[PDB]
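As structure tokens, the structure follows; a few thoughts come after it.
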Amino acid sequence: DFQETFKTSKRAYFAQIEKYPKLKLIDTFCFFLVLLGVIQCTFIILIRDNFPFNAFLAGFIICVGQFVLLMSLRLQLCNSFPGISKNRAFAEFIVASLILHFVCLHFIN
Amino acid sequence: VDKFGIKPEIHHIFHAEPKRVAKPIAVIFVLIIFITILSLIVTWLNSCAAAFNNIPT
Ligand SMILES: CC(=O)N[C@H]1[C@H](O[C@H]2[C@H](O)[C@@H](NC(C)=O)[C@@H](OP(=O)(O)OP(=O)(O)OCC[C@H](C)CC/C=C(/C)CC/C=C(/C)CCC=C(C)C)O[C@@H]2CO)O[C@H](CO)[C@@H](O[C@@H]2O[C@H](CO[C@H]3O[C@H](CO)[C@@H](O)[C@H](O[C@H]4O[C@H](CO)[C@@H](O)[C@H](O)[C@@H]4O)[C@@H]3O)[C@@H](O)[C@H](O[C@H]3O[C@H](CO)[C@@H](O)[C@H](O)[C@@H]3O[C@H]3O[C@H](CO)[C@@H](O)[C@H](O)[C@@H]3O[C@H]3O[C@H](CO)[C@@H](O)[C@H](O[C@H]4O[C@H](CO)[C@@H](O)[C@H](O[C@H]5O[C@H](CO)[C@@H](O)[C@H](O)[C@H]5O[C@H]5O[C@H](CO)[C@@H](O)[C@H](O)[C@H]5O)[C@H]4O)[C@@H]3O)[C@@H]2O)[C@@H]1O
Ligand SMILES: *[C@@H]1O[C@H](CO)[C@@H](O[C@@H]2O[C@H](CO)[C@@H](O[C@@H]3O[C@H](CO[C@H]4O[C@H](CO)[C@@H](O)[C@H](O)[C@@H]4O)[C@@H](O)[C@H](O[C@H]4O[C@H](CO)[C@@H](O)[C@H](O)[C@@H]4O[C@H]4O[C@H](CO)[C@@H](O)[C@H](O)[C@@H]4O[C@H]4O[C@H](CO)[C@@H](O)[C@H](O)[C@@H]4O)[C@@H]3O)[C@H](O)[C@H]2NC(C)=O)[C@H](O)[C@H]1NC(C)=O
């Protein structure tokens, strides 16, 4: 059952990431964006304190936000939406990313 | 005997400044994050292929 769908999906996935090179860049980025969030959470646990809560959140949310924007890009890039082309779906991504980076550099103070 | 004698002194009691972690631990974690960024930047250029083929001309 599950142990079979596992190989099936792994096959499909690696096939796609090899066929299209760019769909690996985003994936690598997303993987590391997880790690950084985990590192921050581990810090919060290792010290059992979250004194700069503004700072902690500004550092965790920039990762969550970048992850979700990358996934929106990967979905708009694997199968384009009706009125948005691959280009416009990269410029929109850039604008949203820049806005996120600003509000996050304003939150940490 | 109200308000006829010297009065006991009052002194405000303040709170405590929140404890900041010792700089060694913070330095260790900063190093971990820097190593993670480097590992990403090299995973792109090594295991993954960021081809840099189509540089505009
Ligand atoms: C009746 C009523 O209502 N009332 C109200 C009012 O109202 C009113 C209004 O106002 C008016 N207006 C005008 C203009 O005039 C009017 O109106 P109107 O007409 O109505 O109009 P509107 O409103 O607009 O309309 C509305 C609309 C509607 C809503 C519509 C709807 C619709 C619909 C459709 C529906 C929708 C929905 C839904 C759901 C549905 C949907 C769908 C579905 C679901 C399906 O009129 C009205 C009426 O008439 O108002 C007011 C106001 O204004 C209010 O009041 C307020 O309140 C609040 C609250 O309260 C609450 O809570 C509390 C607690 O908190 C409690 O206590 C309370 O209790 C109370 O009450 C109860 C009952 O009554 C009783 O029983 C008791 O006993 C008591 O009494 C409650 O519960 C409060 O709070 C307030 O207070 C405040 O304020 C004041 C001023 O003066 C003061 O005095 C006090 O003290 C307080 O304070 C506080 O707060 C503030 C803010 O808020 C501040 O400023 C201050 O400072 C303070 O704070 C402090 O403390 C606190 C605690 O205590 C804390 O938390 C804080 O902290 C924080 O913050 C800070 C600053 O910002 C910071 O700093 C911090 O942070 C730090 O730390 C931390 C920890 O450690 C850490 O983590 C961090 O990191 C840090 O950071 C820092 O540092 C760093 C470095 O290191 C740096 O970097 C940074 O930067 C910094 O930051 C934090 O934490 C502090 O401590 C008041 O009371 C009333 O109520
Ligand atoms: C909304 O509006 C309302 C009203 O407009 C605001 O409410 C007022 O808030 C005042 C302060 O927040 C409060 O005043 C305090 O009341 C305390 C309790 O009073 C009742 O009990 C005592 C006996 O315990 C009775 O004598 C009294 O009549 C009442 O029945 C008092 O205990 C407070 O006294 C202490 O503070 C004042 C002001 O600093 C000092 O003059 C006094 O000597 C006391 O000082 C001790 O505590 C301070 C720290 O607060 C220390 O700095 C000081 O060195 C003393 O410390 C010793 O004692 C403490 C234990 O108390 C001990 O831990 C320490 O180690 C030392 O041994 C003060 O009188 C008003 O009553 C209250 N009014 C009403 C109607 O509720 C409300 O704030 C507003 N909302 C806001 C602003 O958000």
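Nothing in this text is a laboratory measurement; each read-out follows from the coordinates by a stated rule. Virtual Cβ from ideal backbone geometry, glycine too; neighbours counted across all protein chains shown.
Just one of the listed residues (A:67, A:93) is more than 16 Å from ligand 2 (Cβ to nearest atom) and within 14 Å of chain B (Cβ to nearest Cβ), and it is A:67. Screening the candidates A:60, A:2, A:43, A:6 for the property of being away from chain B (no Cβ under 12 Å), closer than 30 Å to residue B:23 by Cβ and out of contact with any strand residue (DSSP E or B) (no Cβ under 9 Å at 6 or more places or on another chain) yields one hit, A:60. Taking residues in segment B:2-31 that are among the hydrophobic types (A, V, I, L, M, F, W, C), and partners anywhere that are not in a loop (DSSP other than H, G, I, E, B), the pairs with Cβ atoms closer than 8 Å and at least 6 places apart or on different chains are B:21/A:47; B:25/A:46; B:25/A:47; B:29/A:39; B:29/A:43. Exactly one residue out of B:4, B:34 is more than 16 Å from ligand 1 (Cβ to nearest atom), within 29 Å of residue A:43 (Cβ to Cβ) and not β-branched (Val, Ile, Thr), and it is B:34.
Scan B:51, B:26 and give me the residue that is touching a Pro at 6+ places or on another chain (Cβ under 9 Å) and either more than 16 Å from ligand 2 (Cβ to nearest atom) or under 30 Å from residue A:17 (Cβ atoms) (or both). Full working, then the answer.
Values: B:26 fails: touching a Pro at 6+ places or on another chain (Cβ under 9 Å).
On inspection, the qualifying residue turns out to be B:51.
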